[PDB]
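Enquirer: Residue 5 is where the sequence shown starts when you use the numbering used here, and the numbers rise one by one after that. All C-beta atoms in this analysis are idealised placements derived from N, C-alpha and C, irrespective of residue type, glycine included.
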Amino acid sequence: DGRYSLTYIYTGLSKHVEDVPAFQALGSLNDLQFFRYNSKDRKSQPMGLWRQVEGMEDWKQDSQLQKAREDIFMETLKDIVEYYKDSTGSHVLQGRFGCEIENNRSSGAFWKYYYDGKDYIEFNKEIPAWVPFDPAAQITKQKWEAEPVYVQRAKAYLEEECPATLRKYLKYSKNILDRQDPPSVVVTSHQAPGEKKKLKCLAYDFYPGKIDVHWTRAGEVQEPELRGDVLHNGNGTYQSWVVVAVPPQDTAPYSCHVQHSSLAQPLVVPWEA
Ligand SMILES: *[C@@H]1O[C@H](CO)[C@@H](O[C@@H]2O[C@H](CO)[C@@H](O)[C@H](O)[C@H]2NC(C)=O)[C@H](O)[C@H]1NC(C)=O
Ligand SMILES: *[C@@H]1O[C@H](CO)[C@@H](O)[C@H](O)[C@H]1NC(C)=O
């Protein structure tokens, strides 16, 4: 088996402006986002290729869960501002948590918070306890450890529930995270009035993202003039391109090359002037 990670990111603003939700949550599985939730619509919604996966999660229920998470989160943000006596200001609290497995074996877990961008508090499951980094965190810690169960629960969340959720999801996501969709390529050219002719090699509809794309001028690998790539989350696919400018009198042979993990051997696509 390989590496898999389940990450969540919560964002809360103490004085949100118009059109910006006070609370936002999102979740990822590896390099893809599978869900989202904000305090405006208050609904946990699958995203990307997960919008088509059935029976992996009861979104209606997970929404009740996010609403409850939101309440605690925003109360936390509220208490920090109350502590700095600055409710007139605009502040942010960000949370990060999740885990990762490698070869079906839990390989890591994390739970950390940031206030106005600085480390606020984080959970150390080995102790187990919260570690304050900011003075107001001393209060927060006192609250999250007011009963013996609490840390026990937090430790149980990272060591048992989270990795269980991740495994459950992997069961329904093989057709998503384990894909090896081969790249479709397209060589194209454009002549800018006054400029040289440029050739653009495009690799698309492929996954995983790791890919090798380069041109060759007479069997000679060229230095790209431009270069970019993108991940279309709704699709779960990448696109990577390269662009070379060609001398207005060059006659040499131009061919594009693509190497990807899903290919038994590299691909070549010459440009026919
Ligand atoms: C995945 O989504 C991307 C982005 O929506 C698709 O790319 C678009 O494809 C259409 C027609 O093929 C083009 O007209 C658009 O210009 C493309 N968007 C851009 C700017 O990248 C892609 O085709 C989708 N792949 C699959 C397999 O559905
Ligand atoms: C790991 O995968 C096995 C099958 O490969 C599964 O039965 C098990 O529940 C998973 N996690 C463990 C070791 O509990």
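State the DSSP-derived secondary structure class of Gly-31, mapped to helix, strand or coil.
Expert: Along the sequence shown, read from residue 1 onward, the residue named residue 31 stands at position 27. Strand at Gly-31.
Enquirer: Looking at the unbroken alpha helix (DSSP H) that takes in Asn-179, where does it start and where does it end?
Expert: Position 175 of the sequence shown holds residue 179. That run of the alpha helix (DSSP H) goes 166-181.
Enquirer: Take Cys-166 as the anchor and find which of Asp-182, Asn-237, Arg-40 and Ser-111 has the nearest alpha-carbon.
Expert: By one-based count along the sequence shown, residue 166 stands at place 162. Checked all of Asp-182, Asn-237, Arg-40 and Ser-111; the closest Cα to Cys-166 is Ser-111.
Enquirer: One question on the structure: do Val-217 and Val-246 come within less than 8 Å of each other, judged by their Cβ atoms?
Expert: Residue numbering aside, residue 217 sits at position 213 when the sequence shown is read from its first letter. Residue numbering aside, residue 246 sits at position 242 when the sequence shown is read from its first letter. Contact: yes.
Enquirer: Pull up the CB-CB distance for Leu-235 and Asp-35, whole angstroms please, since I reckon it's below 8 Å.
Expert: Here the question's residue 235 lines up with position 231 in the sequence shown. Here the question's residue 35 lines up with position 31 in the sequence shown. Yes, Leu-235 and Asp-35 are in contact; Cβ-Cβ is about 7 Å, under 8 Å.
Enquirer: So, helix, strand or coil for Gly-223, using DSSP?
Expert: For the purposes of this step, residue 223 is taken as residue 219 along the sequence shown, with counting starting at 1. Residue state, collapsed to three classes: coil.
Enquirer: With respect to 7 Å, is the separation between the Cβ of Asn-42 and the closest non-hydrogen atom of ligand 1 below this value?
Expert: Here the question's residue 42 lines up with position 38 in the sequence shown. No, since every heavy atom of ligand 1 falls outside the 7 Å radius drawn around the Cβ of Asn-42.
Enquirer: Tell me whether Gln-146 is buried or exposed, calling it buried when 16 or more other Cβ atoms sit within 10 Å of its Cβ.
Expert: Here residue 146 refers to the residue found at position 142 when the sequence shown is read from its first residue. Its Cβ having fewer than 16 others within 10 Å, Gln-146 is exposed.
Enquirer: For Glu-151 and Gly-238, I'd like the C-alpha separation in whole angstroms.
Expert: Walking along the sequence shown from the start, residue 151 turns up at place 147. Walking along the sequence shown from the start, residue 238 turns up at place 234. Going from the Cα of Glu-151 to the Cα of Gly-238 covers about 43 Å.
Enquirer: Ordered along the chain, which non-local residues of its own chain (more than five positions away) have a Cβ less than 7 Å from that of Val-189?
Expert: Residue 189 sits at position 185 when you count from the first residue of the sequence shown. If we look at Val-189 and ignore the five residues flanking it on each side, its Cβ neighbours are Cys-205, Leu-206, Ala-207, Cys-260, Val-262, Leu-271 and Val-273.
Enquirer: Taking C-alpha atoms, which residue in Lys-129, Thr-144 and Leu-170 lies nearest to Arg-157?
Expert: As a working mapping, residue 157 is identified with position 153 in the sequence shown. Residue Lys-129 is the option with its Cα nearest to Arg-157.
Enquirer: Output the distance between the C-alpha atoms of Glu-199 and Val-250, rounded to the nearest integer angstrom.
Expert: To locate residue 199, count along the sequence shown from 1; it is residue 195. To locate residue 250, count along the sequence shown from 1; it is residue 246. Approximately 10 Å between the Cα atoms of the pair.
Enquirer: Suppose the cutoff is 6 Å on Cβ atoms and the five residues either side in sequence are ignored; what does the same chain contact list for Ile-84 look like?
Expert: Taking the first residue of the sequence shown as position 1, residue 84 is located at position 80. Once the five neighbours on either side are set aside, the close Cβ partners of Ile-84 are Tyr-119 and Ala-140.
Enquirer: Please classify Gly-223 as buried or exposed, where buried requires at least 16 neighbouring CB atoms within 10 angstroms.
Expert: If you number the sequence shown from 1, residue 223 lands on position 219. Classification of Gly-223: exposed, given that the 10 Å Cβ count is below 16.
Enquirer: Taking contact to mean 3 or more Cβ pairs, one atom from each stretch, closer than 8 Å, check whether the region 93-108 and the region 56-72 are in contact.
Expert: No, the region 93-108 does not touch the region 56-72.
Enquirer: Which residue comes first and which comes last in the alpha helix (DSSP H) that contains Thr-144?
Expert: As a position in the sequence shown, residue 144 is number 140, starting the count at 1. Residues 139-148.
Enquirer: Just curious, the alpha helix (DSSP H) that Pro-152 is in, first and last residue?
Expert: As a position in the sequence shown, residue 152 is number 148, starting the count at 1. Its alpha helix (DSSP H) spans residues 152-160.
Enquirer: Output needed for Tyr-154: all residues of its chain with C-beta closer than 7 Å, excluding positions within five of it in sequence on either side, in chain order.
Expert: Here residue 154 refers to the residue found at position 150 when the sequence shown is read from its first residue. For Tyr-154, where only same-chain residues beyond five positions count, the Cβ hits under 7 Å are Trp-148.
Enquirer: So if DSSP puts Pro-274 in a beta bridge, which residue, or which two residues, is it bridged to?
Expert: Here residue 274 corresponds to residue number 270 of the sequence shown, with the count starting at 1. Paired residue(s): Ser-259.
Enquirer: Any chance the CB of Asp-209 is under 7 Å from a heavy atom of ligand 1?
Expert: Locating residue 209 in the sequence shown gives position 205, counting from the first residue. True, at least one ligand heavy atom lies under 7 Å from that Cβ.
Enquirer: For the alpha helix (DSSP H) that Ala-72 lies in, which residues bound it at each end?
Expert: Position 68 of the sequence shown, counted from the start, is the residue given in the question as residue 72. It spans 63-88 - the alpha helix (DSSP H) in which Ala-72 sits, taken as one unbroken run.
Enquirer: CA-CA distance, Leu-181 and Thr-255?
Expert: Taking the sequence shown and counting its residues from 1, one reaches residue 181 at position 177. Taking the sequence shown and counting its residues from 1, one reaches residue 255 at position 251. For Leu-181 and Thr-255, the distance between alpha carbons rounds to 43 Å.
Enquirer: Rounded to a whole number of angstroms, what is the C-alpha to C-alpha distance between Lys-82 and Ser-18?
Expert: The sequence position of residue 82 within the sequence shown is 78, counting from 1. The sequence position of residue 18 within the sequence shown is 14, counting from 1. Taking the straight line from one Cα to the other gives about 7 Å.
Enquirer: How is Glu-163 classed by DSSP in three states: helix, strand or coil?
Expert: Position 159 of the sequence shown holds residue 163. Here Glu-163 sits in helix by DSSP.
Enquirer: Please name the residue in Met-60, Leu-170, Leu-174 and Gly-6 whose C-alpha comes closest to that of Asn-107.
Expert: Position 103 of the sequence shown holds residue 107. Ranking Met-60, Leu-170, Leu-174 and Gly-6 by Cα distance to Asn-107 puts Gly-6 first.
Enquirer: Please report the Cβ distance between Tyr-211 and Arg-183, rounded to the nearest whole angstrom; I am assuming they are in contact, meaning their Cβ atoms lie under 8 Å.
Expert: As a working note, residue 211 is residue 207 in the sequence shown. As a working note, residue 183 is residue 179 in the sequence shown. Between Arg-183 and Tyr-211 the Cβ distance is about 5 Å, and since that is below 8 Å, they are a contact.
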